[PDB]
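Colleague: Have a peek at data_15.txt (compact mmCIF, C-alpha atoms and all ligand atoms).
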```
# COMPACT_ATOMS: atom_id res chain seq x y z
CA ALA A 16 64.15 134.07 43.01
CA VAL A 17 61.08 133.75 40.77
CA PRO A 18 58.62 136.58 39.98
CA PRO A 19 55.39 136.34 42.00
CA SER A 20 53.18 135.72 38.95
CA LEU A 21 55.31 132.67 38.02
CA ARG A 22 56.30 131.54 41.52
CA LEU A 23 55.09 128.16 42.81
CA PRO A 24 55.81 127.89 46.55
CA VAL A 25 55.05 124.16 46.62
CA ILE A 26 57.77 123.45 44.03
CA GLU A 27 60.31 125.56 45.92
CA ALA A 28 59.45 123.96 49.28
CA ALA A 29 58.60 120.35 48.46
CA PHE A 30 60.33 119.55 45.11
CA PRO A 31 64.04 120.18 45.80
CA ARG A 32 66.14 120.43 42.66
CA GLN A 33 68.44 117.56 41.64
CA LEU A 34 71.35 117.48 39.21
CA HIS A 35 72.95 114.46 37.54
CA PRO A 36 76.74 114.22 38.18
CA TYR A 37 77.45 114.00 34.44
CA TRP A 38 76.05 117.48 33.77
CA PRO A 39 79.40 119.35 33.30
CA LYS A 40 80.47 116.92 30.56
CA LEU A 41 76.92 116.75 29.21
CA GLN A 42 76.83 120.54 28.77
CA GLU A 43 79.91 120.63 26.55
CA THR A 44 79.27 117.35 24.69
CA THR A 45 75.81 118.46 23.56
CA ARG A 46 77.17 121.89 22.60
CA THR A 47 79.91 120.28 20.48
CA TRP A 48 77.32 117.92 18.97
CA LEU A 49 75.15 120.88 17.91
CA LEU A 50 78.30 122.35 16.37
CA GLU A 51 79.48 119.22 14.54
CA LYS A 52 76.03 118.21 13.29
CA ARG A 53 75.54 121.81 12.06
CA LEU A 54 72.19 122.03 13.82
CA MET A 55 72.68 125.71 14.67
CA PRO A 56 75.08 128.24 13.14
CA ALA A 57 78.50 128.02 14.78
CA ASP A 58 78.41 131.57 16.14
CA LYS A 59 74.94 131.04 17.64
CA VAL A 60 76.11 127.81 19.29
CA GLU A 61 79.05 129.64 20.86
CA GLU A 62 77.07 132.69 22.00
CA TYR A 63 73.84 131.06 23.15
CA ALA A 64 74.01 127.27 23.61
CA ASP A 65 75.11 127.15 27.26
CA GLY A 66 72.72 129.98 28.16
CA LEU A 67 69.80 128.07 26.62
CA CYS A 68 70.16 125.47 29.42
CA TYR A 69 68.87 122.50 27.38
CA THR A 70 71.27 120.06 29.03
CA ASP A 71 70.52 121.44 32.53
CA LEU A 72 66.85 120.66 31.89
CA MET A 73 67.53 117.01 31.09
CA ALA A 74 70.20 116.57 33.79
CA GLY A 75 67.66 117.74 36.37
CA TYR A 76 65.12 115.18 35.14
CA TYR A 77 66.60 111.73 34.34
CA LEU A 78 68.55 111.18 37.52
CA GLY A 79 70.36 107.84 37.76
CA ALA A 80 70.61 107.46 33.97
CA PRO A 81 73.82 105.92 32.58
CA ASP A 82 76.00 108.71 31.21
CA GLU A 83 75.60 107.49 27.63
CA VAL A 84 71.81 107.28 27.99
CA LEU A 85 71.65 110.85 29.32
CA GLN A 86 73.93 111.99 26.49
CA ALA A 87 71.61 110.52 23.86
CA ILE A 88 68.59 112.04 25.65
CA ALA A 89 70.23 115.48 25.90
CA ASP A 90 71.25 115.48 22.24
CA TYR A 91 67.72 114.44 21.25
CA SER A 92 66.23 117.12 23.52
CA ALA A 93 68.49 119.84 22.10
CA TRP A 94 67.53 118.59 18.64
CA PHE A 95 63.87 118.89 19.65
CA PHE A 96 64.29 122.58 20.53
CA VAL A 97 66.04 123.21 17.20
CA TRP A 98 63.18 121.40 15.43
CA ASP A 99 60.68 123.65 17.22
CA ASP A 100 62.67 126.63 15.90
CA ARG A 101 62.79 125.27 12.33
CA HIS A 102 59.04 124.58 12.43
CA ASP A 103 58.48 128.18 13.60
CA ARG A 104 60.71 129.65 10.87
CA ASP A 105 59.04 127.50 8.18
CA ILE A 106 55.66 128.86 9.28
CA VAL A 107 56.81 132.49 9.50
CA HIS A 108 58.37 132.32 6.02
CA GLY A 109 55.55 130.26 4.48
CA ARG A 110 57.84 127.37 3.50
CA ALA A 111 55.03 124.81 3.33
CA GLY A 112 56.94 122.63 0.88
CA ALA A 113 60.13 122.60 2.94
CA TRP A 114 58.15 121.63 6.03
CA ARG A 115 56.22 118.86 4.25
CA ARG A 116 59.43 117.27 2.99
CA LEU A 117 61.08 117.55 6.43
CA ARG A 118 57.99 115.96 7.99
CA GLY A 119 58.20 113.05 5.56
CA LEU A 120 61.92 112.50 6.16
CA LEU A 121 61.51 112.51 9.95
CA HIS A 122 58.82 109.84 9.70
CA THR A 123 61.12 107.66 7.58
CA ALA A 124 64.23 108.34 9.68
CA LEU A 125 62.34 107.55 12.88
CA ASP A 126 61.56 104.03 11.62
CA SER A 127 65.10 103.42 10.26
CA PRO A 128 67.52 105.88 11.87
CA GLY A 129 70.66 104.03 10.78
CA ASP A 130 69.81 104.62 7.13
CA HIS A 131 69.65 108.41 7.70
CA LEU A 132 72.79 109.00 9.81
CA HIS A 133 74.46 110.80 6.91
CA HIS A 134 71.46 112.46 5.25
CA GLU A 135 72.12 115.69 3.37
CA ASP A 136 69.52 117.43 5.56
CA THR A 137 71.51 118.13 8.73
CA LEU A 138 68.38 118.42 10.87
CA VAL A 139 67.37 114.93 9.70
CA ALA A 140 70.89 113.53 10.17
CA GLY A 141 71.07 114.95 13.70
CA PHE A 142 67.66 113.49 14.52
CA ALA A 143 68.75 110.10 13.18
CA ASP A 144 72.01 110.12 15.17
CA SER A 145 70.28 110.71 18.49
CA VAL A 146 67.46 108.27 17.71
CA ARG A 147 69.82 105.49 16.58
CA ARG A 148 71.62 105.78 19.92
CA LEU A 149 68.36 105.76 21.90
CA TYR A 150 67.41 102.55 20.03
CA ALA A 151 70.52 100.76 21.35
CA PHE A 152 69.63 100.62 25.06
CA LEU A 153 66.48 98.46 25.35
CA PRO A 154 64.81 95.70 23.31
CA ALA A 155 63.29 96.55 19.93
CA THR A 156 59.81 96.50 21.50
CA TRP A 157 60.67 99.76 23.29
CA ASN A 158 62.05 101.26 20.07
CA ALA A 159 58.76 100.49 18.31
CA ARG A 160 56.80 102.23 21.08
CA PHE A 161 59.04 105.31 20.97
CA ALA A 162 58.52 105.38 17.20
CA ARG A 163 54.73 105.02 17.47
CA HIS A 164 54.69 107.93 19.91
CA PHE A 165 56.94 110.20 17.84
CA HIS A 166 55.09 109.57 14.56
CA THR A 167 52.15 111.09 16.41
CA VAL A 168 54.24 114.07 17.62
CA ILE A 169 55.34 114.82 14.04
CA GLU A 170 51.72 114.87 12.96
CA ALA A 171 50.80 117.18 15.85
CA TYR A 172 53.49 119.56 14.63
CA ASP A 173 51.90 119.32 11.18
CA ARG A 174 48.53 120.23 12.69
CA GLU A 175 50.20 123.25 14.31
CA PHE A 176 51.59 124.26 10.92
CA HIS A 177 48.04 124.09 9.53
CA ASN A 178 46.58 126.11 12.41
CA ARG A 179 49.18 128.88 12.26
CA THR A 180 49.16 129.27 8.47
CA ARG A 181 45.35 129.56 8.65
CA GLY A 182 45.21 131.72 11.78
CA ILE A 183 43.33 129.08 13.78
CA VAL A 184 43.56 129.22 17.58
CA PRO A 185 42.36 125.84 18.92
CA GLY A 186 39.64 125.68 21.53
CA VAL A 187 40.74 125.07 25.12
CA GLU A 188 39.83 121.37 25.14
CA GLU A 189 41.12 120.78 21.60
CA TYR A 190 44.35 122.48 22.68
CA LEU A 191 44.76 120.35 25.80
CA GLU A 192 44.53 117.18 23.69
CA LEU A 193 46.96 118.52 21.06
CA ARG A 194 49.40 119.70 23.76
CA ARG A 195 50.00 116.14 25.03
CA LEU A 196 51.43 115.53 21.52
CA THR A 197 53.28 118.79 20.69
CA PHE A 198 54.98 118.70 24.12
CA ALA A 199 55.74 114.97 23.48
CA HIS A 200 54.39 113.81 26.88
CA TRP A 201 54.70 110.15 25.95
CA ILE A 202 58.23 110.44 24.57
CA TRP A 203 59.55 111.89 27.84
CA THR A 204 57.60 109.16 29.62
CA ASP A 205 59.12 106.45 27.39
CA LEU A 206 62.61 107.82 28.10
CA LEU A 207 62.22 107.16 31.84
CA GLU A 208 62.80 103.51 31.01
CA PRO A 209 66.30 103.47 29.44
CA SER A 210 67.21 105.94 32.19
CA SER A 211 66.41 103.29 34.83
CA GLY A 212 67.64 100.39 32.69
CA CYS A 213 64.38 98.47 32.32
CA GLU A 214 61.67 98.27 29.69
CA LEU A 215 58.43 98.19 31.66
CA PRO A 216 55.77 95.64 30.64
CA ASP A 217 52.50 97.09 29.37
CA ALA A 218 50.66 95.88 32.47
CA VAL A 219 53.03 97.86 34.68
CA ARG A 220 53.25 101.15 32.78
CA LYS A 221 49.51 101.12 32.04
CA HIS A 222 48.65 100.70 35.72
CA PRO A 223 46.33 103.62 36.57
CA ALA A 224 48.67 105.07 39.21
CA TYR A 225 51.73 104.94 36.95
CA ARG A 226 49.82 106.35 33.96
CA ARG A 227 48.22 109.18 35.95
CA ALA A 228 51.46 110.18 37.68
CA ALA A 229 53.20 110.18 34.27
CA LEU A 230 50.43 112.32 32.75
CA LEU A 231 50.41 114.93 35.53
CA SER A 232 54.21 115.33 35.43
CA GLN A 233 53.92 116.22 31.74
CA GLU A 234 50.79 118.36 32.05
CA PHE A 235 52.63 120.46 34.61
CA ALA A 236 55.65 120.84 32.37
CA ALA A 237 53.65 121.76 29.26
CA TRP A 238 51.32 124.19 31.02
CA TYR A 239 54.12 125.77 33.03
CA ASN A 240 55.92 126.31 29.74
CA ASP A 241 52.72 127.91 28.42
CA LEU A 242 52.72 130.26 31.42
CA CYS A 243 56.37 131.28 31.06
CA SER A 244 56.55 131.26 27.25
CA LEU A 245 53.37 133.31 26.74
CA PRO A 246 55.26 136.63 26.25
CA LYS A 247 57.64 135.23 23.62
CA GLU A 248 54.77 133.41 21.93
CA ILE A 249 52.46 136.42 21.74
CA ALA A 250 55.40 138.39 20.32
CA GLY A 251 56.13 135.68 17.74
CA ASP A 252 52.55 135.14 16.51
CA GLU A 253 52.40 131.68 18.08
CA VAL A 254 48.80 130.48 18.53
CA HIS A 255 49.44 127.33 20.64
CA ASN A 256 49.31 128.20 24.33
CA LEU A 257 46.64 127.49 26.95
CA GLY A 258 46.55 131.21 27.79
CA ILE A 259 45.95 132.16 24.15
CA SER A 260 43.09 129.65 23.83
CA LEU A 261 41.55 131.09 27.00
CA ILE A 262 41.82 134.69 25.78
CA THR A 263 40.49 133.83 22.33
CA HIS A 264 37.58 131.51 23.14
CA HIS A 265 36.52 132.59 26.64
CA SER A 266 37.13 136.36 26.48
CA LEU A 267 39.59 136.43 29.38
CA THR A 268 41.95 139.34 29.73
CA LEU A 269 45.68 138.62 29.78
CA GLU A 270 45.72 138.98 33.57
CA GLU A 271 42.74 136.63 33.91
CA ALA A 272 44.23 134.05 31.55
CA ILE A 273 47.56 134.08 33.39
CA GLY A 274 45.78 133.48 36.69
CA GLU A 275 43.74 130.64 35.20
CA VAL A 276 46.84 128.93 33.75
CA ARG A 277 48.70 129.32 37.05
CA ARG A 278 45.80 127.71 38.92
CA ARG A 279 45.72 124.75 36.52
CA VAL A 280 49.50 124.36 36.96
CA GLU A 281 49.09 124.48 40.76
CA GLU A 282 46.46 121.74 40.63
CA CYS A 283 48.80 119.47 38.65
CA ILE A 284 51.21 119.59 41.59
CA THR A 285 48.74 118.62 44.31
CA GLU A 286 47.03 116.06 42.06
CA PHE A 287 50.48 114.54 41.43
CA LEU A 288 51.23 114.39 45.16
CA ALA A 289 48.09 112.30 45.68
CA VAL A 290 48.78 109.86 42.82
CA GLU A 291 52.48 109.62 43.70
CA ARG A 292 51.47 107.85 46.92
CA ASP A 293 49.48 105.34 44.86
CA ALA A 294 52.34 104.89 42.38
CA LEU A 295 54.86 104.25 45.15
CA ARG A 296 52.44 101.83 46.82
CA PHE A 297 52.26 100.03 43.46
CA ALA A 298 56.07 99.96 43.36
CA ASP A 299 56.10 98.26 46.77
CA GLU A 300 53.56 95.65 45.67
CA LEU A 301 55.73 94.75 42.65
CA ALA A 302 58.49 93.73 45.08
CA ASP A 303 57.01 90.26 45.45
CA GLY A 304 60.18 88.56 46.69
CA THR A 305 61.43 87.65 43.22
CA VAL A 306 64.44 89.04 41.39
CA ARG A 307 62.25 90.28 38.53
CA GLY A 308 59.81 91.83 40.99
CA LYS A 309 62.64 93.69 42.71
CA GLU A 310 63.83 94.92 39.30
CA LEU A 311 60.38 96.18 38.28
CA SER A 312 59.75 97.69 41.72
CA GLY A 313 63.04 99.58 41.63
CA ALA A 314 62.43 100.71 38.05
CA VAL A 315 58.99 102.08 38.85
CA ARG A 316 60.35 103.80 41.95
CA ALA A 317 63.14 105.45 39.96
CA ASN A 318 60.74 106.47 37.18
CA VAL A 319 58.23 108.01 39.59
CA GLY A 320 61.10 109.81 41.30
CA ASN A 321 62.08 111.28 37.94
CA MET A 322 58.46 112.21 37.16
CA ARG A 323 58.76 114.30 40.32
CA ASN A 324 62.16 115.69 39.29
CA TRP A 325 60.61 116.95 36.06
CA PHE A 326 58.56 119.45 38.06
CA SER A 327 61.61 121.15 39.59
CA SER A 328 63.79 120.87 36.50
CA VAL A 329 61.15 122.50 34.26
CA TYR A 330 60.38 125.14 36.89
CA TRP A 331 63.93 126.43 37.21
CA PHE A 332 64.72 125.95 33.51
CA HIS A 333 62.16 128.58 32.57
CA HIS A 334 63.81 131.18 34.78
CA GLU A 335 67.39 130.30 33.79
CA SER A 336 67.11 129.68 30.04
CA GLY A 337 67.83 132.44 27.55
CA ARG A 338 65.10 130.90 25.37
CA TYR A 339 62.34 132.91 27.10
CA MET A 340 64.10 136.28 27.60
CA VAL A 341 62.06 138.22 25.04
CA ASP A 342 62.70 141.58 26.75
CA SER A 343 66.38 141.42 25.76
CA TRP A 344 65.86 140.94 22.02
CA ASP A 345 66.22 143.57 19.30
CA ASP A 346 63.20 142.00 17.58
CA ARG A 347 60.76 140.36 19.99
CA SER A 348 59.33 138.27 17.12
CA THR A 349 62.74 136.79 16.14
CA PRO A 350 64.79 135.23 18.95
CA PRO A 351 68.55 135.61 18.48
CA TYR A 352 69.29 131.86 18.75
CA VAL A 353 67.04 131.11 15.73
CA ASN A 354 68.32 130.97 12.15
CA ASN A 355 66.10 133.42 10.28
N1 LIG B 1 60.69 120.25 26.52
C1 LIG B 1 60.73 121.35 25.58
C2 LIG B 1 60.04 121.00 24.27
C3 LIG B 1 60.45 122.02 23.21
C4 LIG B 1 59.21 122.75 22.70
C5 LIG B 1 59.42 124.26 22.72
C6 LIG B 1 58.34 124.96 23.55
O1 LIG B 1 58.15 124.34 24.80
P1 LIG B 1 56.69 124.81 22.73
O2 LIG B 1 56.81 125.19 21.29
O3 LIG B 1 56.24 123.38 22.86
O4 LIG B 1 55.72 125.72 23.46
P2 LIG B 1 58.82 126.75 23.66
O5 LIG B 1 57.81 127.51 24.49
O6 LIG B 1 60.21 126.89 24.26
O7 LIG B 1 58.85 127.23 22.25
MG MG B 2 57.84 126.85 20.50
MG MG B 3 56.19 124.33 19.46
MG MG B 4 55.81 127.37 24.78
```
What does the file become when written as structure tokens?

Modeller:
Amino acid sequence: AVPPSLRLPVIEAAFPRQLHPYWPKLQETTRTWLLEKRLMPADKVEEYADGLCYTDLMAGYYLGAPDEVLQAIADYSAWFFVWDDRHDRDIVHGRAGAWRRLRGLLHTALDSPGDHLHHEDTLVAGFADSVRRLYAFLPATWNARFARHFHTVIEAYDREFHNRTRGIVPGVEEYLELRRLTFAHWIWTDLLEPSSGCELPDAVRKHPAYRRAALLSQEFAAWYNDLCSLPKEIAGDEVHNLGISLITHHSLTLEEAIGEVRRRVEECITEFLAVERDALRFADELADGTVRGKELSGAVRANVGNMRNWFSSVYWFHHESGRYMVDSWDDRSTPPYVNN
């Protein structure tokens, strides 16, 4: 059961949870990968990794993915959480130089991951290992798009470093634009495609119904995270959260800001339901009688289905993951799974 202030009856009633059959192996394989790549201290991996639920989150999202595709996605996603923690710790400890060098290495390793598979920086080497594997599933045109999108994410993280070290809370609208990048909306959208085994042509993925359904799936996930991660983020001096922008720039109380975020999250659901019809109608029209049309139609259908699965996977993740359980920590500003 979910607390009333975080509960979304439409998710519970109309977005039934799904789980990929590979999840039991995925859980352990990603945990062992975090161990062997030295991405988190060994004792923190053993105490906290399974409870963090990072593999559950991806196994509830990319249904139908080949096991090896899901494994690369889950390793990358676990890496992404660790990167979010390293970024936080670099800000808290004022390690501007360490962050700038990491930012530069990630840009280089994103373009040529093979060259960085054995880099002395374990966070860079782990990044490169997951990215090299992701680059092996589809043609190089998809790899270049993933790279374009993630270069932008890195720079959004750099903007967040600038904001936090200066004490800048972005305006609401500025935040909403930045949040499509710091949440990596377009990376999760790109990853739908190796999960269904088909690189979509630009004309298909840029169709207004596909693009809007993909956007709303990610807006829901990012803003629902804002809602559920607000307590940990206030405690940790994080400034990036729709609720914090609302409190800071529109004088809302905490109760008012929580209600406003929850309403925006609710609207993403019912807006998505409307555009999902259009996206599935588009899928049907792609089935033009040809083999290629059937392939594209099935790929779009699977991708839209996973856009929908993201809603339920993100919803339950936030109530299962130890990542958000600030009330249980000795120091609410320093989560126990973070290397301080
Ligand atoms: N899909 C999860 C992306 C990882 C980003 C981490 C967060 O969502 P973010 O820093 O983006 O708010 P969290 O609230 O857990 O710190
Ligand atoms: Mg964070
Ligand atoms: Mg972050
Ligand atoms: Mg958050």

Colleague: Could you list, as an mmCIF file with C-alpha atoms, in the frame of the given file, all the residues within 12 Å of ligand MG 3 (chain B), counting all atoms listed in the file?

Modeller:
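The resulting out32.cif:
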```cif
data_model
loop_
_atom_site.group_PDB
_atom_site.id
_atom_site.type_symbol
_atom_site.label_atom_id
_atom_site.label_comp_id
_atom_site.auth_asym_id
_atom_site.auth_seq_id
_atom_site.Cartn_x
_atom_site.Cartn_y
_atom_site.Cartn_z
ATOM 1 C CA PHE A 95 63.870 118.890 19.650
ATOM 2 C CA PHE A 96 64.290 122.580 20.530
ATOM 3 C CA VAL A 97 66.040 123.210 17.200
ATOM 4 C CA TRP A 98 63.180 121.400 15.430
ATOM 5 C CA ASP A 99 60.680 123.650 17.220
ATOM 6 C CA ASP A 100 62.670 126.630 15.900
ATOM 7 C CA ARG A 101 62.790 125.270 12.330
ATOM 8 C CA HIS A 102 59.040 124.580 12.430
ATOM 9 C CA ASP A 103 58.480 128.180 13.600
ATOM 10 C CA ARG A 104 60.710 129.650 10.870
ATOM 11 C CA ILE A 106 55.660 128.860 9.280
ATOM 12 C CA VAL A 168 54.240 114.070 17.620
ATOM 13 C CA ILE A 169 55.340 114.820 14.040
ATOM 14 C CA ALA A 171 50.800 117.180 15.850
ATOM 15 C CA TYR A 172 53.490 119.560 14.630
ATOM 16 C CA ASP A 173 51.900 119.320 11.180
ATOM 17 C CA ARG A 174 48.530 120.230 12.690
ATOM 18 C CA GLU A 175 50.200 123.250 14.310
ATOM 19 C CA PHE A 176 51.590 124.260 10.920
ATOM 20 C CA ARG A 179 49.180 128.880 12.260
ATOM 21 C CA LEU A 193 46.960 118.520 21.060
ATOM 22 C CA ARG A 194 49.400 119.700 23.760
ATOM 23 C CA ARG A 195 50.000 116.140 25.030
ATOM 24 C CA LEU A 196 51.430 115.530 21.520
ATOM 25 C CA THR A 197 53.280 118.790 20.690
ATOM 26 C CA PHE A 198 54.980 118.700 24.120
ATOM 27 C CA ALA A 199 55.740 114.970 23.480
ATOM 28 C CA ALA A 237 53.650 121.760 29.260
ATOM 29 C CA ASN A 240 55.920 126.310 29.740
ATOM 30 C CA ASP A 241 52.720 127.910 28.420
ATOM 31 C CA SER A 244 56.550 131.260 27.250
ATOM 32 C CA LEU A 245 53.370 133.310 26.740
ATOM 33 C CA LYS A 247 57.640 135.230 23.620
ATOM 34 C CA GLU A 248 54.770 133.410 21.930
ATOM 35 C CA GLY A 251 56.130 135.680 17.740
ATOM 36 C CA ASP A 252 52.550 135.140 16.510
ATOM 37 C CA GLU A 253 52.400 131.680 18.080
ATOM 38 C CA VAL A 254 48.800 130.480 18.530
ATOM 39 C CA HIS A 255 49.440 127.330 20.640
ATOM 40 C CA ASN A 256 49.310 128.200 24.330
#
```

Colleague: From the options A:202, A:159, A:329, A:288, which residue's atoms come nearest to residue 238 of chain A, counting all atoms listed in the file?

Modeller: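 Ranked by minimum distance to residue 238 of chain A, first place goes to A:329.
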
Colleague: With all atoms listed in the file as the basis for distance, which of A:336, A:305, A:285, A:321 is at the shortest distance from residue 66 of chain A?

Modeller: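 Looking only at the distances to residue 66 of chain A, the closest residue turns out to be A:336.
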
Colleague: Using all atoms listed in the file for the distances, tell me which of A:314, A:242, A:269, A:80 is nearest to ligand MG 4 (chain B).

Modeller: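 The answer is A:242, which sits nearest to ligand MG 4 (chain B).
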
Colleague: Measure the distance from atom CA of residue 265 of chain A to atom CA of residue 280 of chain A in Å and round it to one decimal.

Modeller: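 We find that atom CA of residue 265 of chain A and atom CA of residue 280 of chain A lie 18.5 Å from each other.
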
Colleague: Which residue, A:347, A:22, A:133, A:108, has the smallest gap to residue 250 of chain A when you use all atoms listed in the file?

Modeller: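 Closest residue, counting all atoms listed in the file: A:347.
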
Colleague: What gap, in Å, lies between atom CA of residue 239 of chain A and atom CA of residue 93 of chain A?

Modeller: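 According to the coordinates, atom CA of residue 239 of chain A and atom CA of residue 93 of chain A are separated by 19.0 Å.
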
Colleague: Work out how far atom CA of residue 150 of chain A is from atom CA of residue 164 of chain A, in Å to one decimal.

Modeller: 13.8 Å

Colleague: Considering only C-alpha atoms, return as a VMD selection string whatever protein or nucleic-acid residues lie within 9 Å of residue 144 of chain A, sequence-local ones (same chain, fewer than 5 positions apart) excluded.

Modeller: chain A and resid 87 90 to 91 128 to 129 131 to 133 139 149

Colleague: What would the list of residues within 10 Å of (38.1, 128.1, 20.5) (file frame) look like as a list in words, if only C-alpha atoms are what count?

Modeller: residues 183, 184, 185, 186, 187, 188, 189, 190, 259, 260, 261, 262, 263, 264 and 265 of chain A

Colleague: Leaving out residue 157 of chain A and any residue of its chain fewer than 3 positions from it, which residues lie within 9 Å of it when counting only C-alpha atoms, given as a list in words?

Modeller: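 Residues near the query, excluding close chain neighbours: residues 150, 153, 154, 160, 161, 162, 205, 208, 214 and 215 of chain A.
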
Colleague: Contacts of residue 225 of chain A at 9 Å or less, counting all atoms listed in the file, minus same-chain residues fewer than 4 places along, as a ChimeraX atom specification?

Modeller: /A:219-221,229-230,290-291,293-295,297,315,319

Colleague: Generate a file of the selected residues that holds C-alpha atoms, formatted as a PDB file, keeping the file's coordinate frame.

Modeller:
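As a result, part_32.pdb now contains:
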```
ATOM      1  CA  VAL A 219      53.030  97.860  34.680  1.00  0.00           C
ATOM      2  CA  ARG A 220      53.250 101.150  32.780  1.00  0.00           C
ATOM      3  CA  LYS A 221      49.510 101.120  32.040  1.00  0.00           C
ATOM      4  CA  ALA A 229      53.200 110.180  34.270  1.00  0.00           C
ATOM      5  CA  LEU A 230      50.430 112.320  32.750  1.00  0.00           C
ATOM      6  CA  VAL A 290      48.780 109.860  42.820  1.00  0.00           C
ATOM      7  CA  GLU A 291      52.480 109.620  43.700  1.00  0.00           C
ATOM      8  CA  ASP A 293      49.480 105.340  44.860  1.00  0.00           C
ATOM      9  CA  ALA A 294      52.340 104.890  42.380  1.00  0.00           C
ATOM     10  CA  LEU A 295      54.860 104.250  45.150  1.00  0.00           C
ATOM     11  CA  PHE A 297      52.260 100.030  43.460  1.00  0.00           C
ATOM     12  CA  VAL A 315      58.990 102.080  38.850  1.00  0.00           C
ATOM     13  CA  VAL A 319      58.230 108.010  39.590  1.00  0.00           C
TER      14      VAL A 319
END
```

Colleague: Nearest to residue 147 of chain A: which of A:135, A:303, A:126, A:117 is it, counting only C-alpha atoms?

Modeller: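 Closest to residue 147 of chain A, using only C-alpha atoms: A:126.
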
Colleague: Closest to ligand LIG 1 (chain B) among A:226, A:116, A:69, A:213, using all atoms listed in the file?

Modeller: A:69

Colleague: If you count all atoms listed in the file, which residues fall within 10 Å of residue 324 of chain A, apart from same-chain ones fewer than 2 positions away, as a PDB file with C-alpha atoms, in the frame of the given file?

Modeller:
```pdb
ATOM      1  CA  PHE A  30      60.330 119.550  45.110  1.00  0.00           C
ATOM      2  CA  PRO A  31      64.040 120.180  45.800  1.00  0.00           C
ATOM      3  CA  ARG A  32      66.140 120.430  42.660  1.00  0.00           C
ATOM      4  CA  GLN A  33      68.440 117.560  41.640  1.00  0.00           C
ATOM      5  CA  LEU A  34      71.350 117.480  39.210  1.00  0.00           C
ATOM      6  CA  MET A  73      67.530 117.010  31.090  1.00  0.00           C
ATOM      7  CA  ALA A  74      70.200 116.570  33.790  1.00  0.00           C
ATOM      8  CA  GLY A  75      67.660 117.740  36.370  1.00  0.00           C
ATOM      9  CA  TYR A  76      65.120 115.180  35.140  1.00  0.00           C
ATOM     10  CA  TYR A  77      66.600 111.730  34.340  1.00  0.00           C
ATOM     11  CA  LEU A  78      68.550 111.180  37.520  1.00  0.00           C
ATOM     12  CA  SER A 232      54.210 115.330  35.430  1.00  0.00           C
ATOM     13  CA  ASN A 318      60.740 106.470  37.180  1.00  0.00           C
ATOM     14  CA  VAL A 319      58.230 108.010  39.590  1.00  0.00           C
ATOM     15  CA  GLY A 320      61.100 109.810  41.300  1.00  0.00           C
ATOM     16  CA  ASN A 321      62.080 111.280  37.940  1.00  0.00           C
ATOM     17  CA  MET A 322      58.460 112.210  37.160  1.00  0.00           C
ATOM     18  CA  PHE A 326      58.560 119.450  38.060  1.00  0.00           C
ATOM     19  CA  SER A 327      61.610 121.150  39.590  1.00  0.00           C
ATOM     20  CA  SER A 328      63.790 120.870  36.500  1.00  0.00           C
ATOM     21  CA  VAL A 329      61.150 122.500  34.260  1.00  0.00           C
ATOM     22  CA  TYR A 330      60.380 125.140  36.890  1.00  0.00           C
TER      23      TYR A 330
END
```

Colleague: Step by step: start from the point (51.8, 131.6, 39.9) in the file's coordinates, keep every protein, DNA or RNA residue that has an atom no farther than 9 Å from it, count all atoms listed in the file, and write the set as a ChimeraX atom specification.

Modeller: /A:18-24,242,273-274,276-278,280-281
